[PDB]
Amino acid sequence: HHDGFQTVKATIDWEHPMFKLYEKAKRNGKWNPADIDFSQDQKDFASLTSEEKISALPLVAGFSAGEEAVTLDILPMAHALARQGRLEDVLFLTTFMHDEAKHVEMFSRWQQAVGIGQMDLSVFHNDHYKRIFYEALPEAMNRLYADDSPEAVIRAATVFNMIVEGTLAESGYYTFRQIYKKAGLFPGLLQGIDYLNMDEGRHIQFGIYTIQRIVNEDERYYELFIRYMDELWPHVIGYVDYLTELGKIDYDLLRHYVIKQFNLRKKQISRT
Amino acid sequence: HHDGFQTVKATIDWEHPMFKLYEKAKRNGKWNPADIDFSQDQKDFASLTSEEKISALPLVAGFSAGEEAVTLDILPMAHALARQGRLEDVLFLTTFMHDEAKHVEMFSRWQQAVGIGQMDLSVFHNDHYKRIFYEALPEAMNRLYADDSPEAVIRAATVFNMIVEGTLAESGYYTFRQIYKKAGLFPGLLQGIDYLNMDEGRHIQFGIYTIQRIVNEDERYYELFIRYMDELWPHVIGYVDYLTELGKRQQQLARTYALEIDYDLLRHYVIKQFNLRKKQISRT
Ligand SMILES: CCCCCCCCCCCCCCCC(=O)O
Ligand SMILES: CCCCCCCCCCCCCCCC(=O)O
Ligand SMILES: [Fe+2]
Ligand SMILES: [Fe+2]
Ligand SMILES: [Fe+2]
Ligand SMILES: [Fe+2]
Ligand SMILES: [Mn+2]
Ligand SMILES: [Mn+2]
């Protein structure tokens with residue numbers, strides 16, 4: 001049951017950080033994947049040899065599944081914060097979820113346009129990828145339906161925002177630009193990546209805000225955050241190692257970028 | 001756990017009716033409540049007598065709570081359809097949810113701008129209003145976390161889309177225009193209402209699609225739909241009667257602005273909306 005409503009008893013908290021992020025999301029998140037011209041991407045893909053075609057698919061497989069997972073798996077966080085009365089967080093999260101919908105749409109439109117929509121790309125998800133995206137991510141989010149404790153919320157935001165988005169996805173954009181911008185390939189996909197990267201800046205800000213406001217209640221939660229980050233590292237690097245070996249471009253450059261992002265995300269939360 | 005992912009094994013179903021509705025939502029849902037000029041609304045509200053100021057508040061109280069309720073209460077539907085693998089429905093529902101956020105924001109910005117943000121408007125929710133919005137709506141939606149049966153989904157879409165949006169809110173837009181557009185008052189609120197009404201057409205279409213696809217599986221569910229509509233009517237009309245009674249006890253705004261407010265035409269619009277929603281679902 002609803003006890004009452006914040007915008008009847010009072011108003012939105014106009015100064016709340018998540019209301020301010022919501023306002024930014026509306027002003028900056030206007031792109032439509034349906035407007036991207038993928039016609040040259042189709043011709044670029046056809047120009048590749050069979051071996052070069054295969055080389056591009058593991059990264060796309062990781063992104064399509066990843067965007068689909070985050071579209072579905074943010075819903076428990078929205079529910080948990082709604083149940084806690086965090087209205088401004090909920091408003092922001094409507095933009096987060098609509099951003100992810102666009103991300104899923106974008107990669108799927110690319111697959112369709114280049115002629116691989118009919119190909120099952122699941123073959124490029126190894127055990128480490130599945131441990132994160134098929135298992136750990138939905139487990140941590142769904143937990144929030146029955147357990148919205150600080151510990152549960154930190155774990156959810158750690159897996160979702162700091163690892164999935166802040167480590168793997170961030171490193172994926174970089175990788176795609178290092179390879180394909182340089183090769184002059186897939187301009188429509190790279191335009192989509194640029195819009196997506198802008199959206200995801202907001203998503204990471206929500207994760208940092210959420211983790212830090214809980215850590216501020218108790219430094220014991222800081223140690224939980226670091227432990228959950230380290231818990232998932234073997235799977236992050238296990239997936240990275242798998243893509244790197246498929247790749248055979250400076251792969252050690254890309255690998256160190258992943259490590260850089262992982263340590264960066266840790267440093268964006270303060271014990272204090 | 002996720003078994004796999006549709007956009008890895010295949011693609012989005014580009015022809016799915018809810019993918020098409022999602023596409024329309026992106027194209028047509030561009031407005032931003034933060035861009036509405038409420039400065040004239042502020043002046044209008046201040047120029048009103050206390051007894052004219054009051055006349056508008058019961059309707060605004062109904063919409064602010066309603067929009068906040070639907071913002072929160074759509075989440076279980078999105079979850080239930082997601083768990084069923086209905087990806088295109090989920091994509092569309094992201095636009096539904098972000099629409100509702102804008103609707104909550106819009107009415108809250110109006111209240112803030114006109115100087116009533118600090119006033120507790122709960123006093124204009126009677127028992128019938130509370131049975132719909134404080135109780136029946138969240139109960140029917142939350143049910144979906146543990147019971148996503150066809151019966152549960154039809155009941156959820158009936159309460160949310162056909163009654164709350166398709167009968168009450170639709171009648172509220174009409175009432176607001178019948179009163180304040182003719183008066184020449186609250187231009188920013190009216191702009192917001194117009195944007196909102198456009199969004200809500202899609203929300204009702206989602207409800208029709210959802211109910212109809214379940215009725216298509218088994219025509220027995222059509223009688224469930226009709227029954228659930230009829231179960232809620234006493235509270236729809238109980239709330240309408242309450243707002244009508246309030247409006248008839250304060251007629252200064254109508255006298256001042258020469259509006260022959262026909263509450264019996266509004267009451268008949270509510271009845272028309274209710275019966276019209278029923279006709280939009282067919283047995284076969
Ligand atoms: C060889 C260098 C490895 C680079 C790492 C590539 C990782 C693939 C990215 C897939 C994760 C996508 C998750 C979506 C998160 C979001 O968009 O919010
Ligand atoms: C005197 C005529 C009575 C007219 C009825 C007024 C009803 C007020 C509307 C409040 C419900 C708002 C619910 C929001 C639903 C949505 O926008 O999705
Ligand atoms: Fe994201
Ligand atoms: Fe391994
Ligand atoms: Fe709606
Ligand atoms: Fe009554
Ligand atoms: Mn994304
Ligand atoms: Mn609405």
Side-chain angles (χ1 to χ4, degrees), chain A residues 1-12 14 22-23 26-27 30 32-34 61 64-65 67-69 71-73 75-76 78-79 82-83 87 90-95 97-102 104-105 107-109 111-112 117-118 120-122 124-125 133-135 137-139 145, chain B residues 1-12 14 22-23 26-27 30 32-34 61 64-65 67-69 71-73 75-76 78-79 82-83 87 90-95 97-102 104-105 107-109 111-112 117-118 120-122 124-125 133-135 137-139 145:
Chain A
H1 285 189
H2 296 296
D3 172 24
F5 296 100
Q6 182 181 321
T7 63
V8 174
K9 295 149 70 178
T11 67
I12 292 176
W14 308 112
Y22 165 72
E23 287 288 316
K26 289 180 288 162
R27 296 214 185 269
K30 299 280 188 224
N32 187 339
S64 280
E67 303 296 342
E68 191 166 329
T71 299
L72 305 178
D73 293 341
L75 292 168
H79 161 86
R83 181 174 50 198
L87 180 58
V90 173
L91 300 178
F92 169 69
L93 286 177
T94 71
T95 76
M97 203 185 169
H98 183 60
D99 289 345
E100 305 299 8
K102 295 199 288 191
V104 181
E105 178 197 349
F107 289 107
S108 196
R109 284 186 177 276
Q111 288 191 230
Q112 182 71 40
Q118 75 286 343
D120 182 351
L121 302 185
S122 300
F124 301 115
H125 295 163
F133 288 93
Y134 293 48
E135 302 174 13
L137 175 67
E139 283 178 7
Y145 286 126
Chain B
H1 288 181
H2 299 296
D3 184 356
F5 294 98
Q6 183 181 320
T7 63
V8 175
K9 294 153 86 176
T11 67
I12 288 171
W14 309 112
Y22 166 72
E23 289 284 322
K26 289 181 290 170
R27 291 284 179 209
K30 293 294 190 216
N32 186 345
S64 275
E67 300 298 343
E68 194 170 324
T71 298
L72 307 180
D73 289 345
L75 292 169
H79 163 85
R83 190 174 42 191
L87 178 60
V90 177
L91 298 176
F92 168 69
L93 286 175
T94 72
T95 74
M97 291 192 293
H98 181 57
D99 290 345
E100 303 303 8
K102 298 196 287 190
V104 173
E105 179 195 347
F107 285 110
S108 194
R109 284 185 177 278
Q111 291 191 224
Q112 180 73 37
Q118 73 293 338
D120 183 356
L121 298 179
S122 297
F124 299 117
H125 299 159
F133 287 94
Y134 292 49
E135 301 179 4
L137 175 65
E139 284 179 6
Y145 286 126

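To find a chain, count down the sequence lines: A is the first, B the second, and so on, and within it residues start at 1.
In this structure, the portion of A:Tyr22 lying under 4.5 Å from any heavy atom of chain B is its side chain and not its backbone. With a 4.5 Å cut-off on non-hydrogen atoms, B:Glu105 touches chain A through its backbone and its side chain both. Only the side chain of A:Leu87 comes within less than 4.5 Å of a heavy atom in chain B; its backbone stays farther off. Contact annotation for A:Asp3: only backbone heavy atoms (N, CA, C, O) come within less than 4.5 Å of a heavy atom of chain B. In this structure, chain B has heavy atoms under 4.5 Å from both the backbone and the side chain of A:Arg109. Heavy atoms of A:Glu139 lying under 4.5 Å from chain B belong exclusively to its side chain. Contacts of A:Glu100 with chain B are absent, with no heavy-atom separation under 4.5 Å from either backbone or side chain.
Every residue two or more places apart in sequence or in another chain that forms a ring pair (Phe, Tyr, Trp, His ring centres under 6.0 Å) with B:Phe5 is listed here: A:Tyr134, B:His2.
How far CE of A:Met97 is from CE of B:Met97: 4.5 Å, rounded to the nearest 0.5 Å.
Interface summary for chain A: among B:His79, B:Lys26, B:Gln118, the most heavy-atom pairs under 4.5 angstrom belong to B:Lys26. The candidate from B:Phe133, B:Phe124, B:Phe107 with the greatest count of non-hydrogen atom pairs under 4.5 Å with chain A is B:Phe133. When each of A:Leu93, A:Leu137, A:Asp73 is checked for heavy-atom pairs under 4.5 Å with chain B, A:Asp73 comes out on top. The most heavy-atom pairs under 4.5 Å with chain A, out of B:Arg83, B:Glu68, B:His98, come from B:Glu68. The residue among A:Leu91, A:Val90, A:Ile12 with the most heavy atom pairs within less than 4.5 Å of chain B is A:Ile12.
Of the possible donor and acceptor atoms, none in the side chain of A:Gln111 sits under 3.5 Å from a partner among the backbone N and O of B:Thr11. Using a distance-only test at 3.5 Å, with no hydrogens or angles considered, no donor-acceptor pair links the side chain of A:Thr94 to the main chain of B:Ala101.
Residue A:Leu72 comes nearest to B:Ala82 through the heavy atom pair CD2-CB, 3.9 Å, listed as atom of the first residue, atom of the second, then distance. In terms of heavy-atom proximity, A:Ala61 sits nearest to B:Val8 at O-CG2, 3.8 Å.
A tilted orientation is assigned to the rings of B:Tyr145 and A:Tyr145, their planes being inclined by 30° to 60°.
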